[PDB]
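Structure 1 and structure 2 below are two forms of the same protein chain, each written out on its own as C-alpha cells.
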Structure 1
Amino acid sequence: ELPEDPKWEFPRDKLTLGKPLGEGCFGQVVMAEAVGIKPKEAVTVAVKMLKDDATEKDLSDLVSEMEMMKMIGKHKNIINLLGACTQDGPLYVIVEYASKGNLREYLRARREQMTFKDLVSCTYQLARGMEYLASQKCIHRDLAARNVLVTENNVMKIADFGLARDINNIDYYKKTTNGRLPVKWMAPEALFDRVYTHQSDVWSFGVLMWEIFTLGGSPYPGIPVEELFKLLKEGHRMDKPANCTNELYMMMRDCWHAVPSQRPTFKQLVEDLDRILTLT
C-alpha cells in the first residue's frame, strides 16, 4: 500500500534484526545492524516496527513519524532517520542507535556520580534541539524525559515524532483536541482551547526541566492526573526542586505563564541557558 521513496529506501537483505530495545505505544523498537553508510560497512541502528496487534492508528503514527523526520532535517540534538523498508514487506523505520537509553531512566540511575554542571549542559542541548525544530515549523506535542535518548559520549537527542505536526502553512486552530498527549506535560491552551503552538511546547519543556533537575522525578508528585484539570485552572504550579538554582526555577516558572505570549521563545531559552553554562 505505501508509496515509494528512492532516496530513503533501504534493501531488506542488508539488515539483521536483534535484541528488542523495548515496546512502545504504537509498535516496538529493536537493535539491528545495517550495511550502508559512504563506507559500506556494518553500523548499529534502531528499527521501529509494528507488532501483531497493530491498529490502523499505530500504522498511521509510524508512517507519520517517518514523514516528519524527513522534513525536519539533519540535527545533532535529534535522532536522525537513516533509512526505511516500505516496498513489499513489513514497514521498518531505521533511525540511529542511542546506547545509554532514555533520559528518564538514565537520570534515575546516577542519583558514576553526576554533577550540576552536567544538568545545565543537558538542558542546554535540549533547548538547542527544540529551537531548531521550531525553526523547521514543527510542533512535537510530546516532549518529555522518556522521549529523549542519550547516545555514547552523552549527546542529548529528542525522539518519538509520531505525534508531531507540520505547522508550515497550517496551524490547526480549534482543530487540535489533543486527547492523546500526556496531561502532566500539557499546556492549558492545549488541554482546554483546542490549539497547539510553539509556546505550548515551551510549557512542556518547562516540565522537562523539572524532570531533569529532580533526576527523573515524576511531575506533580502526589497529584493524580484526574485532579490536575481543576488545579491547573486555579493557577497551581510545581515548586523548586532542592538541587536547582533560583535562576533556573524562574525559567521554569516563566515557561508556565498561563498566557502563551508571556512565555519565553526557544531562542530566548537558548541565549539565557548559554549564559548560565559559561558561569558554571
Structure 2
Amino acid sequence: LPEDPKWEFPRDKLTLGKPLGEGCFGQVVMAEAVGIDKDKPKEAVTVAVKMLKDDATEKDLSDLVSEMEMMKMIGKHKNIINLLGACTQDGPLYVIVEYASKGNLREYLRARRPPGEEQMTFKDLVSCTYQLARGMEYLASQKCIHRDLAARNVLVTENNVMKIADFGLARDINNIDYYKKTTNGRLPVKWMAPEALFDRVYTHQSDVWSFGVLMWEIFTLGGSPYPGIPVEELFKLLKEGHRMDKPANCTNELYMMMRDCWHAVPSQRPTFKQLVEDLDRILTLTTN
C-alpha cells in the first residue's frame, strides 16, 4: 500500500471500542479518534473502523483496499457515508468511516414497526426513499455503480439521515469486464438486475433495479424480498414475469414506481434523476 498523505491517520490517536458487526468480509468496531477532525485537533470523535478478521483471505484484504479506494474517489454527499481516514502503515489495515448511531436501515425499520420504538410514518418512509434516490443520483453522476444496494447496506444517523454504505462491491462504470462468465458472480441474487447475470454487464440502470428492491424493503418496514422463494428458483420466475406484490399501506403510485424499477428492459426503468423528481413530488404533496 503506497502511503497516501491526505488520508493517513495516526494509529496512536485511535482508541478501539465496542464491536458493531461481523461478517464473512471482516469486522467493524466503534472507536474514538482524536484530531481526525482537523481543524479541531483537540477533539475526539466517535468513528466506525472496518478491518480484517483473523481468518481473512487475500481476497478479503484486496476487497477492503478497493472499498477504501472507491470511497476516496467519490466526493462528499449528504446521503453517502464519508470515509474519514485510514491506518495503512506498520499494522493491520484499518478503514475509518463516519459513525452512524442508529445502525442499518433494515434493523432500524424493524425496531419501529407498529406494536402489533418511534413508529414510522408514511411520510418518513417516503422521505427515506427520497434520500436514497438522491444519494444514488449523486453516485451515478460520479460514474460509480454500487452493485450491492440493500436495506442492510444503508446506515441511519442520529438525525435520521440515510447513508448509502458498504462500497465493498462498488466499481467505476468502466471497471467491469462485460460478457465474462465470472462478472457479477458475487452480487446478492435477490437484489440483482437480471441482465447482470444473463448478459454479464452492469450499468446505472442495474442499480435502479436494486433500488426497486430497496424500496420494497422500505415499505415492508424491513421485510425479506421474495419470501418463500429460494435464490436458485428466482431467475426462472423473473423471466416468466413474476414480481413481488404490493406492500400493505404502500400507495398504488409508489408500487408502480417499484414495478418500473423492475422492468426487464434496463432502458425502460426510470433514471435516478426521475426517481428523485417523482419522490420529491410525493413527499411534498403528502406534507400539504
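Take the two forms, superpose them, and find the largest set of C-alpha atoms that agree within 1.5 Å; that set is the rigid core. Reference numbering: structure 1, starting with residue 1.
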query: Flagged residue of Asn154, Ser99, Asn80, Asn168 - C-alpha shift reaching 2 Å or more between structure 1 and structure 2, core superposed; finding: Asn168
query: Following rigid core superposition, Cα shift of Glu9 between structure 1 and structure 2 in Å; finding: 0.5
query: Rigid core superposed, the C-alpha shift at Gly222 between structure 1 and structure 2 in Å; finding: 1.2
